[PDB]
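No hydrogens, no waters, no symmetry mates; every other heavy atom, side chains included, goes into these values. Counting starts at 1 for both ligands and their atoms, following the listed order. Numbering starts at 1 and runs along the sequence shown.
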Amino acid sequence: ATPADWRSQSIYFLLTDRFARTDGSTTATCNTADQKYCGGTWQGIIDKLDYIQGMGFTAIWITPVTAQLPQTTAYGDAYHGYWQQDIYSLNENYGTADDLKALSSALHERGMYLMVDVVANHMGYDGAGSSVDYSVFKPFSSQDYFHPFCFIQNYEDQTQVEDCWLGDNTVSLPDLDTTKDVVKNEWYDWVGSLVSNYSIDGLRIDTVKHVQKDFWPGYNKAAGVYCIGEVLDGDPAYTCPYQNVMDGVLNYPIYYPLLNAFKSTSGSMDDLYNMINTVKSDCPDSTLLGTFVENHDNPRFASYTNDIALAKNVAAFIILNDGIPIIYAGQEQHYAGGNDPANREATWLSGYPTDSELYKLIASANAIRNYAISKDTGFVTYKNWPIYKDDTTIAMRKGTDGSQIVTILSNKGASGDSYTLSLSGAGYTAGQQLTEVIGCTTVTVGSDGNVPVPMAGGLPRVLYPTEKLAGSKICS
Ligand SMILES: *[C@@H]1O[C@H](CO)[C@@H](O[C@@H]2O[C@H](CO)[C@@H](O[C@@H]3O[C@H](CO)[C@@H](O)[C@H](O)[C@@H]3O)[C@H](O)[C@H]2NC(C)=O)[C@H](O)[C@H]1NC(C)=O
Ligand SMILES: [Ca+2]
């Protein structure tokens, strides 16, 4: 599927080993500290697609599928998929080729997309960089395919970042020489055939900043689908230019100020407001980036604060910001693990309840985004616009005049007082009735254009014109 097809999508990102077992157990042990395979599979995912689609997601991003190093190392097993060794075989832990094809098929029957995580930068090896036996890699079975062994020392030095190796002498990540034609041609053949064989709709590309820019356009073309790259840097001046070589990137620039604004009742709304505008104007296309506040490479949101209202606000923001929302499996069950491996909790241990507070919040927010898109062909390309901020509040507006969604977020938290916010800048017409679609109440725009928004319990508010909801299931 094309970048244009992807704008409307909403992604649930999961770790295949950690999301759902074939046997559907909600009690099977998964001790994150042990860093071992816990038994999640592609068949497991198929059987829980209703859980995901019930939150209003239209796509999933699963971790890499290639055969990995087989050892249990001092850092555990390759359960996460990022330590590949044989790119033409699949990771048997997750199932067979037929199972991966069954997963893509199942998503397609539901009108959903499959996005697969891929690594081009490196293989993985159990042991010291100096001791690597290159014959174990397929098809890159020779030192000649790789950059000389050195570990990255200075992440400020982009040459080193691209040319030296990730990992360490316990698990080393041999760095492919992506400047060689034989390497490029092999990867380009591979990714086109991977996409074809498994009917993959999009790719998430790992470790993009660690491969020279002039590798990516050919890879994105060979894939033939939308690619979103992991460029792990919060500076928009460093990260957004990667959109010149790849369709999208993960929105790490928004990540940092977004997390800071809501992780406590004293977070900075100014920083978030300003970053929204910075990304809007400076990135080739904000509407092709992926918004997130939780993933497998940072502490989860709830690891900073257990306040359920704060978690509701940040989830609402992710869904209603420019670009493609991305929620990480567990966020909807208010998982609170810190840094890797603590943030790779098994989703099944939650019991998958569909009545958790965040499941319902996420469902409500995806519901209105999906509906708005179905009625407003301009919504996905309309640039999200911050219209208001104060010490504890940010409001923003996205959508064509007459159909815009206006979102008011608060960092007051669960102890927030009940008051009326006099909201200016929403751009509705005097006297227009709006529905607050999270709590299903109504508000009417004043004759001066102002919207009186009832605030309470630190809760997010999401407004949309009532007449436009006619015939929908939203607040019915
Ligand atoms: C998707 O399925 C296709 C079709 O089976 C796979 O095609 C196979 O690709 C391999 C690997 O490139 C080809 O391997 C051989 O490599 C040697 C080079 O030493 C070459 O000289 C041989 O002629 C041959 O190409 C193989 O021919 C090809 N098999 C077929 C039946 O076309 C493809 O690899 C799969 N893609 C993925 C990512 O699984
Ligand atoms: Ca590299």
From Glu162, does some N, O or S atom reach closer than 3.0 Å to the Ca ion (ligand 2)? yes
Check the side chains of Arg7 and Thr287 for a donor-acceptor pair under 3.5 angstrom, ignoring hydrogens and angles. yes
Write the atom name of the N, O or S atom in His210 that is nearest the Ca ion (ligand 2). O
Does atom 5 (O) of ligand 1 have a protein non-hydrogen atom under 4.0 Å from it? no
Flag: protein heavy atom within less than 4.0 Å of atom 32 (O) of ligand 1: no
Within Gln212, is some N, O or S atom less than 3.0 Å away from the Ca ion (ligand 2)? no
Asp340 side-chain N/O to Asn343 backbone N/O, donor-acceptor pair under 3.5 Å: no
Using a 4.0 Å cut-off to any heavy atom of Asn197, which atoms of ligand 1 qualify? 1 (C), 2 (O), 3 (C), 33 (C), 35 (C), 36 (N), 37 (C), 39 (O)
Has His147 got an N/O/S atom less than 3.0 Å from the Ca ion (ligand 2)? no
Look at atom 38 (C) of ligand 1 and say which protein heavy atom is nearest, naming residue and atom and giving the distance to 0.1 Å. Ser193 OG, 3.4 Å
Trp190 heavy atoms, cut-off 4.0 Å: which ligand 1 atoms fall inside? 38 (C)
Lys280 atom NZ, neighbour heavy-atom count above 12 within 6.0 Å: yes
Answer yes if a protein heavy atom lies under 4.0 Å from atom 2 (O) of ligand 1, otherwise answer no. yes
Nearest to atom 9 (O) of ligand 1, what protein heavy atom do you find, and at what distance? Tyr88 CE2, 4.8 Å
Would you kindly check if the NZ (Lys) or CZ (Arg) of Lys138 is within the cone defined by 45 degrees around the ring axis of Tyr88 and under 6.0 Å from the six-membered ring centre? no
Looking at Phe13 versus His296, is the centre-to-centre ring distance below 6.0 Å? yes
My question is simple, although I want it checked carefully: is atom 26 (C) of ligand 1 less than 4.0 angstrom from any protein heavy atom? no
Trace of the ring pair (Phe, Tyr, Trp, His ring centres under 6.0 Å) decision for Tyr188 with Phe215: CA-CA 10 Å; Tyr188 297 173; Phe215 180 86; 5.4 Å; yes
Between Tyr382 and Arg397, is there a side-chain donor-acceptor contact under 3.5 Å, judged purely by atom types and distance? yes
Quick check for you: to the nearest 0.5 Å, what is the distance between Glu230 atom CD and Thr207 atom OG1? 6.5 Å
